[PDB]
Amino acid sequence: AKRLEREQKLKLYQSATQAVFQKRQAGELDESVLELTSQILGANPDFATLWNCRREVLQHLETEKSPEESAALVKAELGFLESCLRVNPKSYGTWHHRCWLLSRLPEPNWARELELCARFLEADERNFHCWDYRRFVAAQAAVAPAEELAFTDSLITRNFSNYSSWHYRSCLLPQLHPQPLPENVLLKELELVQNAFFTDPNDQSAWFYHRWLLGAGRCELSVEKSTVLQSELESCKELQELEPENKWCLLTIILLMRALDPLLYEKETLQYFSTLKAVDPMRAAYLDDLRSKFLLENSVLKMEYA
């Protein structure tokens, strides 16, 4: 039973692998090699050399065949690739093969590639290969950063596991406003993010994004941003009341007070580090070093006095 099904495949794998190489040194860049590689690559798309062989036969065949015949050949390659991707969605070689294929054609269908991406991203919202493939296709199709942004919004509200989607927004925002973050844009992004973290306070992804946003903009604090940050602070304390083991809103409280007024809020900041270290003892060394860096900033600020 266990050994039955196990050995059986390994015989047929070694024969196929053996014949492909024999074919290759013999210079037989034909359809028989696609058939033998078809068999091996399905079970093991991480066998890179075999993706190479396939490119080699296709390049060659394109020179012995009508465009119609090679057109047919690329369409079967596309289908082969998709069946491989369904089996193992995270193989570098399979996804690299697909770009090599698409980059090479006279007129690719990029809108249909974008939709293959939307499909795989609904299967696995965190799949980094598919996100990289999506950015590749967006480029080739000259897709505007504004619509990639609209697409990211959809993905965040509809459901969670959003680290990948906030990351993409970190890269799309700076493209909307080329500099060598505007306050209005920043205030918009702040509202979207706090929404997200007062919805799933245990989603670590919006907090990470939030800390970037707190950096991304003093006191040149406008009354609006001042009032928005003060409001974010009160909301985190209320969330703190509800989720007392929540480490992310405690750090954020500290970071928010820093952003507001380091010296005015010195007592509270110190209070908050002890609380935080008690809830997140694995980060106690990180938190001591952060508190030392901040007490030092507080020393420099108090010196600039009269």
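Throughout, rigid core stands for the largest set of C-alpha atoms superposing within 1.5 Å between the two forms. Residue numbers run from 1 along the displayed sequence.
Stretch 6-14 is the one, of 282-290 and 6-14, whose CA positions lie farther from the shown form in 9 other deposited structures of this protein once all structures are superposed by the rigid core. For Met303, the record comparison shows coordinates present in all the other entries of this protein that model its neighbours, with no third of them leaving it out. The entry shows a gap from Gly217 to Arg218, with 1 to 3 unmodelled residues of the deposited sequence in between. Missing deposited residues between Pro180 and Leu181: 4 to 9, all without coordinates in the entry.
With 208-216 and 74-82 compared on mean CA B-factor from the PDB entry, the stretch scoring higher is 208-216. For the segment pair 105-113 and 90-98, the entry gives 105-113 the higher mean B-factor, averaged over Cα atoms. The residue among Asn52, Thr269, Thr252, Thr63 whose C-alpha carries the highest B-factor in the deposited model is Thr63. Residue-level inspection of the entry shows that, of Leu242, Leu276, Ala259, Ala48, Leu242 has the top Cα B-factor.
Ranked against the other modelled residues of its chain, the C-alpha B-factor of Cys130 as given in the entry falls in the lowest third. Per the deposited record, the Cα B-factor of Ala284 falls in the lowest third when ranked against the other modelled residues of its chain.
When the CA B factors of the chain's modelled residues are split into thirds, the value for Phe136 lands in the middle one. Ranked against the other modelled residues of its chain, the C-alpha B-factor of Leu58 as given in the entry falls in the lowest third. Annotation for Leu29: C-alpha temperature factor in the highest third relative to the rest of the modelled chain, per the entry.
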